[PDB]
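Form deposited in one PDB entry, single chain, as structure tokens, below.
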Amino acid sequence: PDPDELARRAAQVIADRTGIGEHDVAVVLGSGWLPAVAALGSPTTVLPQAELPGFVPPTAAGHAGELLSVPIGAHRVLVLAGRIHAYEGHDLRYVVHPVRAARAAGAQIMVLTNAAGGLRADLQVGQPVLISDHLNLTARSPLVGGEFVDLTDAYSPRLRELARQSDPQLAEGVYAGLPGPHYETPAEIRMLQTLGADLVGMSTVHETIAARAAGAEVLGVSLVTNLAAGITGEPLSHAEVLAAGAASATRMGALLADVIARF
């Protein structure tokens, strides 16, 4: 039950079931990014997350997602379809366990994807934005002892350059992670603008900190699924977030495959 022990055990199961000793990249799919899977490549192995140690919070029954093993270029990639966010009420160890288990299975790069509100003038709905840095505004950490991790270049600049070779149209921005699940007030958005954020969302920051803690590099990719509250007046809804996710799914899947191949 130490998160690191269940991570090791998950990796044993992954290697055993896939035949693959080392998956060197992993992908965590954001809200609304699920339809991008087909466009990533064809999975050779599909593992229910429930059949893997440490993925499911002990209580609250509910059909977790899948973990896919997908060849992308010269990489074997672990793709996380379905995830748990802090707003679900479970210990952060479940929010970040996929990262830790992927790391234990050999992932040296974590591609952490999300749905985000755009805060910056230039941003359009459907636009992918690389994460240059983050503001963790949750007052929490997935780390528990005296485990001090340096977050300078938490979002690898070189993976960034790598990504922009694949799509020179890729802007980058600072992502603010909030608890959710309520969206923000217009006043809260003006505040985030003041604090230096370009993107806003309810995930990612803990996955990033756990990745860094475990020694992996991180590429962060936001899909702008809406403009942030108050910027245009358009109402925010999860259905609208899923809808933007699904409209951009072939683009996102294709982008991720090209970038990952380039690693």
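Residue positions are given as counts along the sequence shown, with the first one as 1. In this text, the rigid core denotes the largest set of C-alpha atoms whose superposition between the two forms falls within 1.5 Å.
Below, we refer to the form deposited in another entry, which is not included among the displayed structures.
Enquirer: Can you tell which residue in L34, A214, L227, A64 has its CA shifted by 2 Å or more between this form and the one not shown when the core is superposed?
Expert: Looking at each option in turn, only one qualifies, and it is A64.
Enquirer: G89 and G62: do their C-alpha atoms lie closer or farther in that other deposited form than in the form you see, with a change of 3 Å or more?
Expert: Farther apart, by at least 3 Å.
Enquirer: Quick one: with a 3 Å or larger change, is the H63 to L78 CA distance smaller or larger in that other deposited form? Answer closer or farther.
Expert: Closer is correct, given that in that other deposited form the C-alpha spacing of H63 to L78 is reduced by at least 3 Å.
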